[PDB]
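# Remarks on the overall topology
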Amino acid sequence: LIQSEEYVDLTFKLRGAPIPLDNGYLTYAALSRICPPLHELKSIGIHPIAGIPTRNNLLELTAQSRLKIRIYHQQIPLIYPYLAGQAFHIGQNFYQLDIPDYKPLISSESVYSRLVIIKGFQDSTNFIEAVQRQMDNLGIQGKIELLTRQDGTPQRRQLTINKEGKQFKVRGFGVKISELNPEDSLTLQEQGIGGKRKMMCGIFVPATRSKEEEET
RNA sequence: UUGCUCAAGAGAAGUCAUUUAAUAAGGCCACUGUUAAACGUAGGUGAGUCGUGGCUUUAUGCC
């Protein structure tokens, strides 16, 4: 019920060819090529693209699919002229961005993260204690829950970094966090958890997305 | 047993051979969608895969 200040969500309407579901490095590299200043930013995160799943491991862009960027509101003039109205290419297809819209950062009792990556922690217990430690670093109190598939197993996801010729394997979990109160909820949403925040992972969304991801 | 009782109009046959509905034609010439305005002030979101790889002190984050 509290709208966070100093942090907004720059949302660009996204359209183009069907896109891989594990975009990650693809989208980040395309934006970096379009926007050189995006590489050197620190407290910025890119939202997972919202669109229905298509065949293979691809993702199809809808009219409701939009590229959303979480950024300090004073740092917008550093990336706005490079992104607003410009076009970026993923592979061989051209994708166009229009004038973005600003969305305030709303507080929620229960927040959700698609994907949390912590270096060197692969098992569930070590991952959970690592996220507890990360909460302790930023002073947030809450209960950690892990998203589960239809079988109840904790969910794992993989991030593919195609740096140079070799391709890289970086993996993490998808958590659901509640019992946060609005102030700490906003603090967690702005700061995020884990690493690879610009890498389409580590950011937090309300728990409606948590249930939606739990569906499929 | 009925002006009745019985009682095949039956056998066979190509409507055939040949013929351009053809020669010619502009839906054409003309048209302003003219003229005027303070944004005043308050309407929201749909979804994967599975056991360390180049930097960085394990840390913890970058590619």
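Residues numbered from 1 in each chain as written, not as in the entry; some residues may be left out. Chains lettered and ligands numbered in written order. Part of a larger assembly, values for the part shown. Heavy atoms only, no water.

Per the deposited record, the coordinates in this entry were obtained by cryo-EM to a resolution of 2.83 Å.

## As for the overall build of chain A
Stated precisely, the cut-off is as follows: Secondary structure elements are taken from DSSP: a helix is a run of H or I of four residues or more, a strand is a run of E of two residues or more, and numbering for both begins at the N terminus. Only C-alpha atoms enter the radius of gyration; for comparison, a globular chain is expected to reach 2.2 Å times N to the power 0.38, where N is the number of residues. Residue exposure (1.4 Å probe, protein chains only): buried if accessible area is under 20% of the type maximum, exposed if over 50%, otherwise partly exposed. The contact definition used throughout considers only heavy atoms, calling two residues in contact when any of these lie within 4.5 Å. The Shrake-Rupley method, run with a 1.4 Å probe sphere, supplies the accessible areas, and residue values consider only the shown protein chains as cover. Residues scored as positive are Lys and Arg, those scored as negative are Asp and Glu, and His as well as the terminal groups of each chain are ignored. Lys charges are placed at NZ, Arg charges at CZ, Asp charges at CG and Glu charges at CD.
A count of helices and strands for chain A gives 6 helices and 14 strands. Relative to a compact globule of 216 residues, whose C-alpha radius of gyration would be 17 Å, chain A shows 17 Å and is just as compact. Taking the principal axes of the C-alpha coordinates as reference, chain A spans close to 40 × 40 × 30 Å. Within chain A, the fraction of its 216 residues that count as buried is 44%. Residue pairs in contact within chain A that sit at least 24 positions apart in sequence constitute 75% of those at least 6 positions apart. A total accessible area of about 11200 Å² is found for chain A, and carbon and sulfur atoms account for 53% of it. Here chain A contributes 26 positive and 23 negative side-chain charges, whose respective centroids are spaced 8 Å apart.

## A word on the protein's contact with RNA strand B
Which entries qualify depends on this criterion: Neighbouring residues are identified by heavy atoms, a residue being near a molecule or strand if any of them is within 4 Å of it. Within 3.5 Å is the distance limit for a polar contact, defined as a pair of N or O atoms, with the added protein rule that one can donate a hydrogen and the other accept it, and that residues adjacent in sequence qualify only through two side-chain atoms.
In the region of RNA strand B, 41 residues are neighbours, and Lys119, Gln122, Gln134, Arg149 and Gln158 sit closest. By atom count, sugar and phosphate contribute 55% of the portion of RNA strand B lying within 4 Å of the protein. The separation between a phosphate oxygen of RNA strand B and a polar side-chain atom of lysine 119 is 2.4 Å. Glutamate 213 places a polar side-chain atom, nitrogen or oxygen, 2.8 Å from a sugar or linking oxygen of RNA strand B.

## Details of the pattern of salt bridges
Put simply, the rule is: Take a side-chain nitrogen of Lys or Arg and a carboxyl oxygen of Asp or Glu: if they are within 4 Å of each other, that pair is a salt bridge.
Counting across every chain of the model gives 10 salt bridges. Across the pair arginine 133 and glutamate 129 runs a salt bridge whose closest N-O atoms are separated by 2.4 Å. Pair noted here: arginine 133 and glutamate 129 are both in helix α4 (residues 124–138), with a separation of 4 residues, about one helical turn. The class of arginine 133 is partly exposed, set by a relative accessible area of 39%. Given the relative accessible area of 31%, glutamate 129 is considered partly exposed. Here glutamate 215 makes a salt bridge to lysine 211, at a shortest N to O gap of 3.3 Å. Taken together, the residues span about one helical turn, with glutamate 215 and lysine 211 both in helix α6 (residues 207–215) at a distance of 4 residues.

## Quick notes on the sheet that holds strand β10 (residues 143–146)
Quick reminder of the rule: Two strands form a pair only when DSSP identifies at least two bridges running between them.
Here we have 4 strands laid out as an open sheet, ordered β10-β13-β9-β14, and antiparallel in their pairing. Looking at which strands have only one partner, the edges of the open sheet turn out to be β10 and β14 (205–206). As paired elements, β10 and strand β13 (residues 175–178) share 4 bridges and run antiparallel to each other. Among the inter-strand pairings, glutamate 145 is bridged to a residue of β13, identified as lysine 176.

## Let's talk about the nonpolar core
As a reminder of what qualifies: The nonpolar core is taken to be a set of buried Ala, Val, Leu, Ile, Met, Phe, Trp, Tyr and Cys residues, with the residues joined through side-chain atoms within 4.5 Å.
The biggest cluster of nonpolar side chains holds 35 residues, and the ones touching the most others in it are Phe12, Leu14, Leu67, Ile69 and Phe88. Looking at this core, the elements that each hand over two or more residues are β1 (3–15), α1 (25–34), β3 (44–46), β5 (66–72), β6 (87–90), β7 (93–97) and β11 (156–161). The dominant element in this core, judged by the number of residues it contributes, is β1, at 4 residues. Those residues in contact with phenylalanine 88 that lie beyond four places of it in its chain are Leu14, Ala30, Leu31, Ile34, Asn93, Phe94, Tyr95 and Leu97.

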